[PDB]
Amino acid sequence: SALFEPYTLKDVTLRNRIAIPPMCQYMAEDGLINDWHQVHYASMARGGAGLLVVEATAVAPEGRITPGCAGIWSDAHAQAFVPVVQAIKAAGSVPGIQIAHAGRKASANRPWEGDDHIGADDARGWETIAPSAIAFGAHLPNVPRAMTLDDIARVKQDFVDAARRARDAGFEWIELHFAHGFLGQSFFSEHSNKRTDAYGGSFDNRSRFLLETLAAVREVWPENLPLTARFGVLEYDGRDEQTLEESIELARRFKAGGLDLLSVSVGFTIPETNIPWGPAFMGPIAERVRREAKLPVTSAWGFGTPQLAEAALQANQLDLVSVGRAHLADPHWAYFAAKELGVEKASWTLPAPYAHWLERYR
C-alpha cells in the first residue's frame, strides 16, 4: 500500500506516509507544555505515524491563539519540548513543530470555553497585532493594532529565534504557520491587508512578509532537515480561481526560497465564505498545487479513512496524508489503517509490547 511506503526528504526518512498535522491542545500554561503534551505526543507517535508535527507553537506571547497555547519564545520554553522530541524519536516517528503567530485571531478563549475573543474586562486577554486594523468579525470582533515596521522586524526575528530553538531542541522538521487566517495568511490576503507600505498592495508586497520570514528562517534552519510551511491557497470566498493562481505563484517563490514541502490548506482569513466540506475535498486542490508549483505537498480536512488516504497517494494528489482528528479518537490510528489496508504484519506498526499480542489476536 502507498500509505505505508517510506518517504525521504532531505536527510529525513519517514517510515510511512501518515503525518499527524499540528493540533493545538490548549493545555499549556504561560506557553510551557507539560504532562498533557508529553503523553499525548508520545502515545500518538507509538501509534505508528511516520511524522508528528507538534501543534502551533507561538513565536511570541501575543502570538498565542489562547492562554492555553504552547510557546517557544524563550530558551526555557524550547527546553520543555526536548522530552517530546525524544519520545517521538524513541517511538520511531519523526518530530516536527509548527511555529506560529496568531495575528488578529489571537487573545481568544479555548474552544470549549467559548471559542471567542477574550473580553476587554478579562485580564487574561492581550492586544493583538495584524497587517491592518481590521477585525475578523463574527466571534472574533477585536480590532488588532496595525503593525509598525519595527513590529515586522521583531516578529521576523521571533520566527528566526523560534526556528533556532526548535533546531537546538532536536526537531527534524519545521513548519511555518502561514495558514488559517493567522498573521502570515493575513499578510497575503487582500481581505485583511490594507497596508500602503512595502508590505501591502501588490502581489509582491503582500507576499513580502512571508518570503522574508522564510528567508530569515532558512538562514538558521539546517539545510539537511525539511523546511516546510502551511499556507491557505484559497478561501472559498467567490475569488477562488484568482486566489489559487496567486497562491500557486507564491508557492513557486517558496520553492525558489528553499521550501521543501507545502502543507496545502484553506485560508480561513474571513468568516464570509462557503467551504464545501466533504471527504477528501482538498485532494484536487492539493494535486493542482503539487503539479503546478512542482513541490511535494500534504493536506488534511477529510482524508481520515484508510481508503481515502490510500487513494490520494495513489492518484499523486499528496506525498503525505495528514490525519488529525482520527488520531485524537485513536492514538494508534496508523495501526488501524495498516490492518484495513491489509499490510503484511500490520500489528508491527506498533511497538513490540503491543504488536506481539495483536498479531496473535489475529
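So that there is no doubt, residue numbering starts at 1 and follows the sequence shown.
Engineer: Which has higher Cα B-factors on average according to the PDB entry: 208 to 216 or 114 to 122?
Structural biologist: In the deposited entry, the stretch with the higher C-alpha B-factor mean is 114 to 122.
Engineer: Mean CA temperature factor from the deposited coordinates, higher in 338 to 346 or in 21 to 29?
Structural biologist: Higher mean C-alpha B-factor in the PDB entry: 338 to 346.
Engineer: Considering only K156, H180, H101, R145, which residue's Cα atom bears the greatest B-factor as recorded?
Structural biologist: Comparing C-alpha B-factors across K156, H180, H101, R145, the maximum falls on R145.
Engineer: Going by the CA temperature factor in the entry, name the top one among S299, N316, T66, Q38.
Structural biologist: Across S299, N316, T66, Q38, the entry lists the biggest C-alpha B-factor for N316.
Engineer: For the chain shown, is the CA B-factor of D161 in the lowest, middle or highest third of its modelled residues?
Structural biologist: Answer is lowest: the recorded C-alpha B-factor places it there.
Engineer: Using the B-factors in the PDB entry, rank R239's C-alpha atom against the chain and give the third, lowest, middle or highest.
Structural biologist: Highest third of the chain for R239's C-alpha B-factor.
Engineer: Place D197 in the lowest, middle or highest third of its chain's C-alpha B-factors, as listed in the PDB entry.
Structural biologist: Its C-alpha B-factor belongs to the highest third of this chain's values.
Engineer: What third of the chain does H77 rank in for C-alpha temperature factor, lowest, middle or highest?
Structural biologist: Lowest third.
Engineer: Taking the entry's C-alpha B-factors for this chain, is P226 in the lowest, middle or highest third?
Structural biologist: Middle third - that is where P226 ends up once the chain's C-alpha B-factors are sorted.
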